[PDB]
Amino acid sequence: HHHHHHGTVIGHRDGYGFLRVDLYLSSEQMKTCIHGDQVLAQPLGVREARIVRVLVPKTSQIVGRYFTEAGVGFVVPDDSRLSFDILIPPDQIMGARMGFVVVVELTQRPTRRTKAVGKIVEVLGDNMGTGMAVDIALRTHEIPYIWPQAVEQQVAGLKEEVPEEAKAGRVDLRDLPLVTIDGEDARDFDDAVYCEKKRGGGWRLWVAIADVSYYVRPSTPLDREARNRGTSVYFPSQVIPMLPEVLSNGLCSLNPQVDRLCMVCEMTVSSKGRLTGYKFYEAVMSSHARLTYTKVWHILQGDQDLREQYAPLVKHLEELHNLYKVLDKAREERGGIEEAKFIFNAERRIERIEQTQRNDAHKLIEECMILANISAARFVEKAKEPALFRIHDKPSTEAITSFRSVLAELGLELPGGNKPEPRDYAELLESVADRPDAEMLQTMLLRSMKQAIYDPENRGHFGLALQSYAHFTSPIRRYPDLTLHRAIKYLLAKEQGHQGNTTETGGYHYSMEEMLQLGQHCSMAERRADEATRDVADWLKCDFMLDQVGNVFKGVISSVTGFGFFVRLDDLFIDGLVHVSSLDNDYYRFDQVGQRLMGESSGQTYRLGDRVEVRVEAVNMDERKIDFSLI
């Protein structure tokens, strides 16, 4: 291995590529490499890399469109990072027609002297819409969506009601006024909340979680497919769930006024919002109400109709609000640190675009879940039990250096010395809030942050300013949370003197070697789901702008490159490119650290965060890209 690197090939539509381990792959090297290959590589000069061998080749389902040249069929990949055509012999056409979207299995990889060859294994057709975009995204990103037969068989024997035999031995919380608060369109209720004032100060908080590990035991078909998926995937009006709906919307979901098994984190909180204690136990509950964020917020604002309808719960909802206010302040004391809302028509296409409104009902659930997440992480960390922590690393030295150089030119500084802490960034964010360039500085700060991941090494969570954090409260839709419930049940039994590695209600002890693999896989699945949903969102946004060619929009420069700058349209969350060739004729200089394109003769300056107006010049539906002209 010295000195090799295992990495994944990332193609580029222009013929060259990259190795994700940042290494560059020449155009000639990419004649035998395929976007998605897993390889062993060696570094060269400047940083270029040479491929030693292909460890896991990319052969799986390639989505593209079918055409013919001189009677020879071929497929143009939909993902232009697969920057080659695929010949299809005439007996492997499966009855595809010109322009149809098809799915290909490679039979010959491309080489320097020959083109790739494949066979069409599925024909999707020419009816391009939201359903088609989802179908393409599932296949391109290899998201599992077909239920294995063994999963269907495992689930066939499930009763609709929890049997009394399952409730025996559990803490009875059915008289506790636990409630669920979720979006109107949600059907998989992972969590329920209740809190009381604590005698002498503070609060006692119950966070009750769907007891997924009771229903999904290790190595069963349900477990193997849940790990395979890694997470639920959320498309427009359509969920690809990690678990079959009979569990995720039924027995696991904490539905109203029905007895349900749950795993409970019961916590004490000080009058200043500090977690002072926690315990975990299996219980049975009965949700007193299925509420929405909108209803709860209106209740807290004083809405008469809702406070009459839910009068027996109003005091309990107000107490969660009181607790939240102090938890929010505790997050501030700790070190602290806008989204599109698609309105769809009946055909799952965008009718209009709104800005999501986030209110105290969203945030009180968020802070309650964070407390349970902290409690679960501290529980497994103190026990030295192999588990996935939800970690968020410090910003890179290079990102801090570039950020401080941008700040210094403005007379600003990032406090905290050479290794600033979350509170230092939060202090800087406060200081710049009212500046005209606050959005530019916030964007630069957030873009210096690393991406959060699942990892069995607890390196802390920078963004939340937490020493120990782990995802515990959504085991219906995240595989890491499922494994954490298993570890907690295993530890609870061990504290009672139990000596086995499993528990009759679903506990399980994992090895550190398993957890290393699981962290990489589950972090992969999280990113994979995000890229697929973004693909579909890109298609919907381009479809929405198709009839806007020629029209003018206000926007903000969202990224600057040597070939132009991208602009995000105000209130629409839609991006497009102002190419440098569309600007006034000049010699344009690119400042990378300043994120600036400067015209030498004109003195004109287009910088990240600048407010502009752009005209929609073109919408390319095949590439899902929009072209702008400035002014």
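Numbers follow the displayed sequence, beginning with 1.
The modelled chain breaks between residue 337 and residue 338, where 4 to 9 residues of the deposited sequence lack coordinates. Coordinates are given for every deposited residue between residue 70 and residue 71; the gap count there is zero. The mean C-alpha temperature factor is higher for 24 to 32 when 572 to 580 and 24 to 32 are set side by side. In this entry, the higher average B-factor at the C-alpha atoms falls on 445 to 453, of the pair 500 to 508 and 445 to 453. Per the deposited record, 416 carries the highest C-alpha B-factor of all listed residues (416, 77, 131, 422). Comparing the C-alpha B-factors of 610, 14, 617, 613 in the entry, the top value falls on 14.
When the modelled residues of the chain are ordered by C-alpha B-factor, residue 63 sits in the middle third. For residue 308, the recorded CA temperature factor ranks within the middle third of the chain's modelled residues. Residue 225: CA B factor lies in the lowest third for its chain, per the PDB record.
Residue 490: CA B factor lies in the middle third for its chain, per the PDB record. Placement of the Cα temperature factor of residue 175 within the chain: middle third of the modelled residues, per the deposited record.
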